[PDB]
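I would like the atomic coordinates for the input below:
(chains A and B)
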Amino acid sequence: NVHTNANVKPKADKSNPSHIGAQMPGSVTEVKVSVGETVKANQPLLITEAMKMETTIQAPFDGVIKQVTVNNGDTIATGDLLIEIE
Amino acid sequence: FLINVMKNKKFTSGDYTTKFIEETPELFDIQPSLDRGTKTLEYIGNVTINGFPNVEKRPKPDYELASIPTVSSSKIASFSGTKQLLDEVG
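Residues are numbered from 1 along each chain as shown, chains lettered A, B, ... in the order given. Sure, the structure comes next:
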């Protein structure tokens, strides 16, 4: 806890269906799931904030969250891996 | 309040007594009146500090002049286009 948003996420593999990457830069407002939870297609996973606008990130299909890369109030660049699902 | 007193004909006449207030219900139709000036300074203040939705946070760009061509307004009043034509023939 000297850097909190100065951790570096890896980059999503664009050609991996289970990698969800950030679509633009901004802010994690609220992580809504843990490594291990099962989810349904279209479930709230993540609320981000872009430039004063809230976007909700959803499950693409049904499955199992395998890694969650961010914490409330971390910052993100286009392309950052946010979640793995199966 | 005082403003409303100043305006009152009972006041102006000299008529009034000590019961002049209790006796004069309208002294209390004061209306909360704006300051547009302030609210503007508050808008600018807020956007300056916290940005605007969907605008990339960044110093206010230097833009170009494009000084804006105008046409005198009495010259415009002399034109007769498809507006006037509708007024005539429907």
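
how long is stretch B:49-58 end to end?
Using Cα to Cα, to the nearest Å, the end-to-end distance of stretch B:49-58 comes out at 11 Å.

what residues does chain A put near chain B?
A:50-53 (Cβ under 8 Å from any Cβ of the partner chain). (C-beta placed from N, C-alpha, C; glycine too.)

what number of residues lie near whichever residue of chain A sits closest to chain B?
Closest to chain B within chain A is residue A:52: 4.4 Å, counting by Cβ to the nearest Cβ. Residues lying near residue A:52 (other Cβ atoms under 10 Å in any protein chain shown) number 14.

Chain A contacts on chain B?
B:50-57.

From those, which land in helices?
Residues of those located in helices (DSSP state H): residue B:50.

So which of the residues of chain A next to chain B is the closest to residue B:15?
Using Cβ to Cβ, residue A:52 comes nearest to residue B:15 of the residues of chain A next to chain B, at 59.9 Å.

which residues sit in contact with the closest one?
Neighbouring residues of residue A:52 by Cβ atoms under 8 Å, 6 or more residues apart in numbering or on different chains: B:50-54.

at 7 Å what do you get?
Contacts here follow Cβ atoms under 7 Å, 6 or more residues apart in numbering or on different chains; on that basis residue A:52 touches B:51, B:53.

What count of nearby residues applies to the residue of chain B found nearest chain A?
Closest approach between chain B and chain A, counting by Cβ to the nearest Cβ: residue B:53, at 4.4 Å. A total of 8 residues lie near residue B:53 under the criterion other Cβ under 10 Å.

Residue B:65 sits in which helix or strand?
Residue B:65 belongs to no helix or strand when assigned by DSSP states H and E.

Pull the number of nearby residues for it.
Neighbour count of residue B:65, defined by other Cβ under 10 Å: 5.
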